[PDB]
Amino acid sequence: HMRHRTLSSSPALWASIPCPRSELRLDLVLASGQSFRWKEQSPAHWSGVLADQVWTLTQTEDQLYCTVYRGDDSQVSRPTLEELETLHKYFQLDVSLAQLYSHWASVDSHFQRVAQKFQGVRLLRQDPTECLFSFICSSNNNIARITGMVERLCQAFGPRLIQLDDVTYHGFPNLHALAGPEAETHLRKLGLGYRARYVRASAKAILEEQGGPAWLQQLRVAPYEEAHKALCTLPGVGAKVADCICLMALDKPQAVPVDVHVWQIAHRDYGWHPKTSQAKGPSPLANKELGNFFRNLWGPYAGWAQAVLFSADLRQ
Ligand SMILES: Cc1nc2[nH]c(N)nc(=S)c2[nH]1
Ligand code: NI
């Protein structure tokens, strides 16, 4: 009934935010392992849900164009001012990525080379709940599969928003919905495997042990180290997952997730080995050590630099 807008099709309905290609490349940010809720339905047109609404996003060399689908039986209008603010905060556009790129570059030549080809990789400020349960799905997984699991989980447990072409859009579930006695069984049906148990258990744990989603808000203002430790008490959440959530949803720019990719990057590209470890390969200690290494080199926005390299290590 209703269709995925392009900018050519329905230019009336779009609005714009002044934003150079160099501060944000949508195609590098939206499907490079931060959010799993965005897809390029038509070329250069990214559609996804954001806080119980659907958006299509596209950009020129100096403009970010965006349009909103309210969902309900609505008078299709342009994005409001508040909705444009919501998108501004989402891309943390107050932060100048140009100055961060040069600041990291001045101590790190490897970064300088990569950053040539990979500009406009910045961090989304994601909802905590959505980031938590998406990253619980990330264990022993690739982006594409995580994307699939998260989509079905939202269709199965989350409120229906709107349909566009053959795609139905659902909001992220509340904790209560994931915590119930049939939730693990349903989630296995949806292909999550062992992650089904961690999803239900962490949903149940945040409700009963931590008092629901205001807890995640507390962790947003809590210092990084405290947030990381508290996340790590949850079923299915270790250092990597906890660091991804810290970086991506709890405003801890210094959080450096250490997975197989950044372990490999460190060794291959930086010649780093664990010093204070005698054991040669990965471990909790060595991984924590590697995180410290990157903070020391890049500074309090080490997490963001790390995202530039992670994103670049996907594209051959
Ligand atoms: C899905 C995903 N896994 C990740 N691991 C690391 N180290 N960095 C990022 S940004 C990431 N994203
Ligand atoms: Ni070596």
Side-chain angles (χ1 to χ4, degrees), residues 1-94 97 119-127 130-131 134 143-144 146-155 158-173 248-249 311 314-315:
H1 168 224
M2 279 167 101
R3 196 165 196 293
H4 280 296
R5 299 168 193 168
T6 64
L7 188 56
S8 305
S9 292
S10 35
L13 283 167
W14 298 76
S16 83
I17 296 187
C19 167
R21 192 82 150 239
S22 49
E23 287 298 302
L24 172 60
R25 279 189 61 193
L26 292 179
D27 60 305
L28 290 178
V29 170
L30 287 193
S32 57
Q34 291 191 46
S35 167
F36 307 92
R37 297 283 263 159
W38 296 94
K39 279 170 193 172
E40 199 178 9
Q41 289 302 125
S42 50
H45 288 73
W46 298 80
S47 288
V49 23
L50 187 76
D52 301 295
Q53 289 187 313
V54 184
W55 292 74
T56 306
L57 298 177
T58 195
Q59 58 173 352
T60 57
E61 268 301 306
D62 56 54
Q63 284 290 311
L64 174 69
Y65 287 110
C66 57
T67 188
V68 187
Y69 317 74
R70 271 48 170 243
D72 301 6
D73 310 359
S74 298
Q75 170 158 283
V76 287
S77 66
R78 285 191 298 290
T80 60
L81 182 74
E82 291 198 57
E83 292 177 340
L84 286 175
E85 281 172 6
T86 289
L87 203 79
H88 190 274
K89 191 66 166 189
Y90 183 66
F91 288 106
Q92 294 172 112
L93 282 182
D94 281 344
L97 194 70
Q119 294 193 72
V121 183
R122 60 166 58 241
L123 272 286
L124 308 166
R125 184 161 182 278
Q126 300 185 54
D127 174 66
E130 180 167 343
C131 184
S134 307
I143 289 169
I146 298 167
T147 312
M149 289 177 185
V150 164
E151 182 182 351
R152 295 180 311 255
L153 171 154
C154 286
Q155 180 184 225
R160 186 209 184 250
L161 299 182
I162 198 178
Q163 188 179 8
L164 301 176
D165 300 52
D166 296 310
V167 178
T168 311
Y169 290 99
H170 286 248
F172 205 82
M248 288 177 199
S311 190
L314 296 184
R315 305 297 199 74

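The analysis underlying the following values was restricted to heavy atoms, covering all of them including side chains, and did not include hydrogens, waters or symmetry mates. Residue numbers count from 1 along this sequence.
- At least one donor-acceptor pair under 3.5 Å links the side chain of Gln34 to the backbone N or O of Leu124.
- Residues forming a side-chain contact (heavy atoms from CB on, under 4.5 Å) with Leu84 (at least two apart in sequence, or on another chain): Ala15, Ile17, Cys66, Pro79.
- No side-chain heavy atom of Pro11 sits under 4.5 Å from any side-chain heavy atom of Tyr65.
- The two atoms that bring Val121 and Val29 nearest to each other are CA-CG2, 3.9 Å, heavy atoms only.
- Scanning for side-chain hydrogen bond (donor to acceptor under 3.5 Å, both in side chains) contacts around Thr147 gives an empty result, with sequence neighbours left out.
- Under the side-chain hydrogen bond (donor to acceptor under 3.5 Å, both in side chains) criterion, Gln53 pairs with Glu83, not counting sequence neighbours.
- In this structure, the ring pair (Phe, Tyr, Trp, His ring centres under 6.0 Å) partners of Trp14, at least two apart in sequence or on a different chain, are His45.
- Looking at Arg37 and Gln126, their side chains never come closer than 4.5 Å, going by heavy atoms from C-beta outward.
- Counting only heavy atoms from C-beta outward, the side chains of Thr6 and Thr58 never approach each other to under 4.5 Å.
- Looking at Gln63 and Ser16, their side chains do bring a donor and an acceptor atom within 3.5 Å of each other.
- The shortest side-chain heavy-atom distance between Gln59 and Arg21 falls under the 4.5 Å cut-off.
- In this structure, the separation between OG on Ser35 and CD1 on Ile146 is 11.5 Å, given to the nearest 0.5 Å.
- Taking OG of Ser134 as the reference point, atom CE of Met149 lies at 11.5 Å (rounded to 0.5 Å).
- Of all the heavy atoms in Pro173 and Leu153, the pair that sits closest is CG-CD2, 3.5 Å.
- Residue pairs that meet the side-chain hydrogen bond (donor to acceptor under 3.5 Å, both in side chains) test with at least one member in residues 159-169, sequence neighbours left out, are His4-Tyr169.
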- Full working for side chain to side chain contact (heavy atoms under 4.5 Å, CB included) between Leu50 and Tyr90: CA-CA 9 Å; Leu50 187 76; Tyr90 183 66; 3.3 Å; yes
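- Between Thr56 and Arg5, the side chains place no donor N or O within less than 3.5 Å of an acceptor N or O (distance only, hydrogens not considered).
- Proximity of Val49 to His170: side-chain heavy atoms (C-beta onward) are nowhere separated by under 4.5 Å.
- For the pair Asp94/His88, a side-chain contact is recorded, criterion being any heavy-atom separation below 4.5 Å from C-beta on.
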- Would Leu93 and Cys19 satisfy side chain to side chain contact (heavy atoms under 4.5 Å, CB included), going step by step from the backbone distance to the final call? CA-CA 8 Å; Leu93 282 182; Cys19 167; 4.2 Å; yes
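- In terms of heavy atoms, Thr67 sits closest to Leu13 at OG1-O, 3.4 Å.
- A heavy-atom distance below 4.5 Å is found between the side chains of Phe91 and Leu64.
- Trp55 has its side chain within reach of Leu87: a pair of non-hydrogen atoms, C-beta onward, lies under 4.5 Å apart.
- Taking all atoms of both residues into account, the shortest heavy-atom contact from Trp46 to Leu30 is CB-CD1, 3.6 Å.
- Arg122 pairs by the salt bridge (charged side-chain N to carboxylate O under 4.0 Å, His left out) definition with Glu23, not counting sequence neighbours.
- In this structure, SG in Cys154 is found 9.0 Å from CG in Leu161, a value given to the nearest 0.5 Å.
- For the residue pair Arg315/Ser32, the side-chain donor-acceptor check at 3.5 Å is not satisfied.
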- Worked check of side chain to side chain contact (heavy atoms under 4.5 Å, CB included) between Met248 and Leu123: CA-CA 7 Å; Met248 288 177 199; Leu123 272 286; 4.0 Å; yes
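- Side-chain contact, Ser74 with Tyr69: no donor N or O sits under 3.5 Å from an acceptor N or O.
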